[PDB]
Amino acid sequence: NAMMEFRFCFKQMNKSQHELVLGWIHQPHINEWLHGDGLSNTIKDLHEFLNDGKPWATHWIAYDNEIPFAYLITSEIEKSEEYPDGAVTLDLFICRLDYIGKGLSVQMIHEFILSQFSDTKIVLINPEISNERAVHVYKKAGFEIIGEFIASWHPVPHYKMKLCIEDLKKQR
């Protein structure tokens with residue numbers, strides 16, 4: 001009545017995409033921000049995920065029709081603390097240079113959350129403060145800075161940023 005779609009596709013990784021993503025996360029534009037212990041941890045966990053191990057996170061790939069272009073990593077936080085309904089923590093990597101547009105990244109973020117976590121209350125993302133473009137894109141997507149911290153894997157300042165899924169929907 002008078003008071004009443006997505007471009008991208010997302011799937012959990014499978015072994016056939018392993019080498020693709022491995023190449024992706026060794027590109028200089030990615031290694032600007034993913035390196036050292038962060039990179040090492042990523043490679044290990046992706047392997048555990050793909051090989052019926054004990055992965056800590058879920059590993060995803062984003063598609064634009066037939067074209068894979070991004071790699072995303074999610075892990076859940078149990079109900080408790082400041083997150084009584086829990087929360088999902090997101091890491092993302094736009095791995096094709098022709099896909100790096102800020103407006104495109106925001107759309108991908110929104111479509112991923114709505115396609116895979118529509119039932120979730122809160123998404124958290126944690127960029128290095130120096131990664132000015134990421135901070136800017138996440139703010140554009142509706143994430144708000146809720147604190148700063150020094151990351152165990154890369155002990156420089158980072159923001160803790162939070163997005164309300166229900167705000168996203170009402171504003172979507």
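Atoms considered below: every heavy atom in the structure, side chains included; atoms not considered: hydrogens, waters and symmetry mates. Along the sequence shown, residues carry numbers from 1.
A distance of 8.5 Å separates CD of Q17 from CG of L50, quoted to the nearest 0.5 Å. Interatomic distance, OG1 of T58 versus CD of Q12, reported as 5.5 Å (0.5 Å rounding). Rounded to the nearest 0.5 Å, atoms CG (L72) and CG (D91) are 9.0 Å apart. The line from CD of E48 to NE2 of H59 is 9.5 Å long, rounded to the nearest 0.5 Å. Distance check, rounded to the nearest 0.5 Å: CG of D64 to CG of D98 gives 9.0 Å. Between the CG atom of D119 and the CG atom of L114 there is a distance of 10.5 Å, given to the nearest 0.5 Å.
For the pair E5 and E111, the tightest heavy-atom approach, listed with the atom from each and the gap, is O-OE2, 4.3 Å. When every heavy atom of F117 is checked against every heavy atom of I165, the shortest pair comes out as O-CD1, 3.2 Å. Taking every heavy atom of both residues into account, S105 and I94 meet most closely at OG-CG1, 3.9 Å. Heavy-atom minimum distance, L90 versus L92: CD2-CD2, 3.9 Å.
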So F93 and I73, side chain to side chain contact (heavy atoms under 4.5 Å, CB included) or not? Walk me through it. CA-CA 9 Å; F93 308 92; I73 306 180; 3.9 Å; yes
Where do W60 and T74 land on the side-chain hydrogen bond (donor to acceptor under 3.5 Å, both in side chains) test, with the steps shown first? CA-CA 8 Å; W60 307 83; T74 61; 2.9 Å; yes
Please evaluate residues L34 and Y71 with respect to the criterion side chain to side chain contact (heavy atoms under 4.5 Å, CB included), reporting the C-alpha separation (whole Å), side-chain torsions for both, the decisive distance (0.1 Å), and the verdict. CA-CA 12 Å; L34 180 74; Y71 167 53; 5.8 Å; no
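Side-chain contact between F8 and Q107 is present, with at least one heavy-atom pair separated by less than 4.5 Å. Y99 has its side chain out of reach of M108: every pair of non-hydrogen atoms, C-beta onward, lies at least 4.5 Å apart. Within the 4.5 Å cutoff, no side-chain heavy atoms of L163 are placed close to those of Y138. Counting heavy atoms from C-beta outward, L97 and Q27 have side chains that stay 4.5 Å or more apart. In this structure the side chain of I61 reaches within 4.5 angstrom of the side chain of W24, judged on heavy atoms.
Scanning for side-chain hydrogen bond (donor to acceptor under 3.5 Å, both in side chains) contacts around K169 gives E166, with sequence neighbours left out.
Checking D37, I25, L22 one by one against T42, the side chain to side chain contact (heavy atoms under 4.5 Å, CB included) holds for a single residue, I25.
In the hydrophobic cluster analysis, where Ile, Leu, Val, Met, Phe, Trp and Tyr join through side-chain heavy atoms closer than 4.5 angstrom, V106 is grouped together with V123. Residue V135 is not grouped with residue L124 when hydrophobic side chains (ILVMFWY) are merged at heavy-atom distances under 4.5 angstrom, including chains of intermediate members. Transitive grouping of hydrophobic side chains (ILVMFWY, heavy atoms separated by less than 4.5 Å) brings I113 and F6 into a common cluster. Both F49 and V21 are assigned to one and the same hydrophobic cluster, defined by single-linkage of ILVMFWY side chains at heavy-atom distances under 4.5 Å. Hydrophobic clustering keeps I67 apart from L20 (ILVMFWY residues linked when any side-chain heavy atoms are closer than 4.5 Å, directly or through intermediates).
In terms of modelled atom types and a separation under 3.5 Å, the side chain of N51 and the main chain of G53 share no donor-acceptor contact. A donor-acceptor pair is defined here as one N or O able to donate and one able to accept, closer than 3.5 Å; no such pair exists between the side chain of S16 and the backbone of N14. In this structure, the side chain of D45 engages the main chain of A57 through a donor-acceptor pair within 3.5 Å.
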Would you tabulate the side-chain donor-acceptor contacts of residues 155-162 under 3.5 Å, counting partners in other chains and residues two or more places apart, or write 'none'?
from, atom 1, to, atom 2, distance (Å)
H158, ND1, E128, N, 3.4
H158, NE2, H154, O, 3.3
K160, NZ, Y83, OH, 2.7

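By the neighbour-count criterion of 12 heavy atoms within 6.0 Å, atom NE2 of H29 is densely surrounded, having more than that number from other residues, nucleotides or ligands. For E144, the CD atom counts as loosely surrounded, since its 6.0 Å shell holds 12 or fewer non-hydrogen atoms of other residues, nucleotides or ligands. Within a 6.0 Å radius of CG in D52, other residues, nucleotides and ligands contribute 12 heavy atoms or fewer. Within 6.0 Å of the CH2 atom in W153, the count of heavy atoms belonging to other residues, nucleotides or ligands exceeds 12. Around CD of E76, the count of heavy atoms belonging to other residues, nucleotides or ligands within 6.0 Å does not exceed 12.
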